[PDB]
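# compute the structure for the input listed below.
(chains A and B, ligands or ions: 1)
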Amino acid sequence: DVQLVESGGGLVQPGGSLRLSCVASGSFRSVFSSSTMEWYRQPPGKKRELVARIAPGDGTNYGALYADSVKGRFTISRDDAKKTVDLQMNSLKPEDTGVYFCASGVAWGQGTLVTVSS
Amino acid sequence: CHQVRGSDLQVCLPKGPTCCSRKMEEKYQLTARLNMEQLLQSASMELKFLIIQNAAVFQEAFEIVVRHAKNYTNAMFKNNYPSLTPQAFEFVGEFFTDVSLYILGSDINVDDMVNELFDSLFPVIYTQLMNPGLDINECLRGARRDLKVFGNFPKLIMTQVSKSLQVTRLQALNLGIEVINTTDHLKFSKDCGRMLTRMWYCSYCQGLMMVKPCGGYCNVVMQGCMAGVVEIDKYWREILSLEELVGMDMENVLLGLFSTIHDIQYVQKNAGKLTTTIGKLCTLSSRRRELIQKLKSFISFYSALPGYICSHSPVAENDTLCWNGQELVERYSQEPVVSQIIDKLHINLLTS
Ligand SMILES: *[C@@H]1O[C@H](CO)[C@@H](O)[C@H](O)[C@H]1NC(C)=O
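Numbering: from 1, shown residues only, chains lettered A, B, ... in the order given. Shown next is the protein structure:
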């Protein structure tokens, strides 16, 4: 089975941090290194929105893009040997509450819940 | 006999004299048939309209998604690969045409749509993007696959879209309409018809005006009439299989096609050597929820049906001063079509 599998969601206080991890499984592992990887958020009762994107690397740099709502707070990273894409989330706000999905142009994960509340 | 609303009858058990002949007895028999039918109709009407509603809405709700994806894909080509138009406007149209056809049950092989798409796409890439500047079209269509110019992008799209187009490619909704609509046309045994006549109308033959049949007598009669019909209950409840399916998109996959197709970039990463060798060679989900909610309220339709006929007809559920089928008493004491409904309830296909 080809699965993008999210983890590291949970409950956290405002101003806290979380690390989401998405593992690419299924022999998708061969195309991961040539695939753009994306993190999306779906807030409660809202549409899904792009949070961060990371391009394929040439071995020396990745083009990273961030939504304006998370700019300077979040960091997307990828490990091509492990076939993982991680989202480090710092200085979390109540508005960061939602289901977080990792995606590629061909596949979506099932998502992980992040809750930012007191 | 005033106004009514020997003996040789064949339905009403004549305790003595009688007010009605063999001909008025046959009248009472046909109006029993008509009455049972109307009652069955009324029992099934609200559920029948519910499934008719949603079958019409859900059927109209996928063709829009395909049209929108086609135009988006056409626009993205026009905007990002103008050198590939108008040819792109043609093979994009060919592909999404087959998409809708495959959705609606036509014999369409998904691996084609993708393969025809990439067979049509590669020659115009080669001529317009890789080596800018008609008879050589068929060689390039063959070299597309013989040289694997797109790598595993076609296979990726093949599995991306085959999984989503297969699930989308209604049967259960239309079948429920068909079994429920069969219910108000159920023919009953002749004994049931004679008993229904005795229960509803033979009291008038004895010259009574207001006496109603006993509820207990109605249940013994109705349980005898609906004996095969009640067996359908367990198959109708196994509603639950439908509720299981609604485990549940095609918009994202079809909208995402241009992005995957654009990542054309792979092919051009090899234009240098590839040219030379070719040279030589040549609220929707909310509706589902609300439907299942309303549908579960009707899960006991076939088990509550005999009680419906008895309760929605004049009865003395008190079982006092009531008609027992042959006399006024003070207290009451004592399949083919059906099997086709069973067989069809095959759909329980619902192997989520
Ligand atoms: C969207 O696509 C369908 C495809 O049949 C077309 O009929 C419709 O006019 C399109 N809408 C546009 C181009 O605005």
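# which parts of the stretch 51-200 of chain B are helices?
Assigned by DSSP state H, counting those that start in this stretch, the stretch 51-200 of chain B shows helices spanning B:63-80, B:87-103, B:110-125, B:137-146, B:153-168, B:171-183, B:190-200.
# ok, which of these comes nearest the ligand?
With C-beta to the nearest ligand atom, the closest approach to the ligand among those belongs to helix B:63-80: 3.7 Å. Quick note: C-beta positions are derived from backbone N, CA and C, even for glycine.
# mind listing what whatever residue of chain A ends up closest to chain B touches?
For chain A, the nearest residue to chain B under the criterion C-beta to the nearest C-beta is residue A:105, separated by 4.7 Å. Going by C-beta atoms under 8 Å, 6 or more residues apart in numbering or on different chains, residue A:105 touches A:35, A:36, B:256, B:259, B:260, B:263.
# let's see that with 10 Å instead.
The contact partners of residue A:105, by C-beta atoms under 10 Å, 6 or more residues apart in numbering or on different chains, come to A:31, A:35-38, B:156-157, B:160, B:256-263.
# can you select the buried ones from those in ChimeraX?
With 16 or more other C-beta atoms under 10 Å in any protein chain shown as the burial test, the buried ones among the contacts of residue A:105 are selected in ChimeraX as follows:
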select /A:31,35,36,37,38 /B:156,157,160,256,257,258,260,261,263
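# centroid residue for chain A?
Against the mean C-alpha coordinate of chain A, by C-alpha atoms, centre = their mean, the closest residue is residue A:39 at 3.5 Å.
# quick one on the thing from earlier: which members of the contacts of residue A:105 are positioned in strands?
The members of these that map onto strands under DSSP state E are A:37, A:38.
# distance to the ligand for the helices of the stretch 51-200 of chain B - can I get that in JSON lines?
Putting those into JSON lines (distance: least, C-beta to the nearest ligand atom, whole Å) gives the following:
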{"stretch": "helix B:63-80", "distance to the ligand": "4"}
{"stretch": "helix B:87-103", "distance to the ligand": "7"}
{"stretch": "helix B:110-125", "distance to the ligand": "16"}
{"stretch": "helix B:137-146", "distance to the ligand": "26"}
{"stretch": "helix B:153-168", "distance to the ligand": "17"}
{"stretch": "helix B:171-183", "distance to the ligand": "26"}
{"stretch": "helix B:190-200", "distance to the ligand": "55"}
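# for residue B:14, which of those helices is the nearest?
Nearest to residue B:14, of all the helices of the stretch 51-200 of chain B, is helix B:190-200, at 11.5 Å by C-beta to C-beta.
# same for the helix or strand following the closest one, what does it pack against?
Remark: after helix B:190-200, the chain's next helix or strand is helix B:202-205, criterion DSSP states H and E. For helix B:202-205, the contact count by 3 or more C-beta pairs under 10 Å, 6 or more residues apart in numbering or on different chains; DSSP states H and E identifies helix B:22-60, helix B:190-200, strand B:320-323 as packing neighbours.
# helix B:190-200 and the first one, what's the angle between them?
Comparing the axes of helix B:22-60 and helix B:190-200 via axes from the mean of the first three to the mean of the last three C-alpha atoms, to 10 degrees yields an angle of 110 degrees.
# tell me the residues of chain B that contact chain A?
Near chain A, the residues belonging to chain B are B:151-153, B:155-157, B:159-161, B:252-253, B:256-263, B:265-266, B:269 when assessed by C-beta under 10 Å from any C-beta of the partner chain.
# near the ligand, which residues of chain B are found?
Contact residues, chain B versus the ligand (C-beta under 6 Å from any ligand atom): B:67, B:70, B:71.
# skipping adjacent residues, who's closest to the second one in space?
So the one you mean is residue B:70. Leaving out its chain neighbours, the residue that sits closest to residue B:70 by C-beta to C-beta, 6 or more residues apart in numbering or on different chains is residue B:96, at 4.0 Å.
# ok, that neighbour touching residue B:89?
No. The pair residue B:96 and residue B:89 does not pass the contact test of C-beta atoms under 10 Å, sitting 11.2 Å apart.
# between those two, which contacts overlap?
Common neighbours of residue B:96 and residue B:89 (criterion: C-beta under 10 Å, 6+ apart): B:70, B:73, B:74.
# strands of chain A, start to end?
With DSSP E as the criterion, chain A has strands at A:3-7, A:10-12, A:18-25, A:37-42, A:49-54, A:64-66, A:74-79, A:84-89, A:98-103, A:112-116.
# any chance of those in JSON lines, plus distance to the ligand?
As requested, these are arranged in JSON lines below (distance: least, C-beta to the nearest ligand atom, whole Å):
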{"stretch": "strand A:3-7", "distance to the ligand": "31"}
{"stretch": "strand A:10-12", "distance to the ligand": "43"}
{"stretch": "strand A:18-25", "distance to the ligand": "34"}
{"stretch": "strand A:37-42", "distance to the ligand": "26"}
{"stretch": "strand A:49-54", "distance to the ligand": "25"}
{"stretch": "strand A:64-66", "distance to the ligand": "30"}
{"stretch": "strand A:74-79", "distance to the ligand": "35"}
{"stretch": "strand A:84-89", "distance to the ligand": "34"}
{"stretch": "strand A:98-103", "distance to the ligand": "26"}
{"stretch": "strand A:112-116", "distance to the ligand": "36"}
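# same list (those) but as TSV, adding distance to residue B:280.
As requested, the strands of chain A are arranged in TSV below (distance: least, C-beta to C-beta, whole Å):
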stretch	distance to residue B:280
strand A:3-7	42
strand A:10-12	59
strand A:18-25	38
strand A:37-42	38
strand A:49-54	39
strand A:64-66	42
strand A:74-79	39
strand A:84-89	41
strand A:98-103	41
strand A:112-116	52
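# could those go into a markdown table alongside distance to chain B?
Rendered in a markdown table, the data for the strands of chain A read as follows (distance: least, C-beta to the nearest C-beta, whole Å):
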| stretch | distance to chain B |
| --- | --- |
| strand A:3-7 | 13 |
| strand A:10-12 | 26 |
| strand A:18-25 | 14 |
| strand A:37-42 | 11 |
| strand A:49-54 | 12 |
| strand A:64-66 | 15 |
| strand A:74-79 | 16 |
| strand A:84-89 | 17 |
| strand A:98-103 | 9 |
| strand A:112-116 | 18 |
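# ok, residue B:172 - contacts?
In this structure, residue B:172 makes contact with B:51, B:55, B:241, B:242, B:245, B:345, B:347, B:348, B:349, B:350, judged by C-beta under 10 Å, 6+ apart.
# which among the residues you listed end up buried?
Buried positions within those, assessed by neighbour count (16+ other C-beta under 10 Å), are B:51, B:55, B:241, B:242, B:345, B:347.
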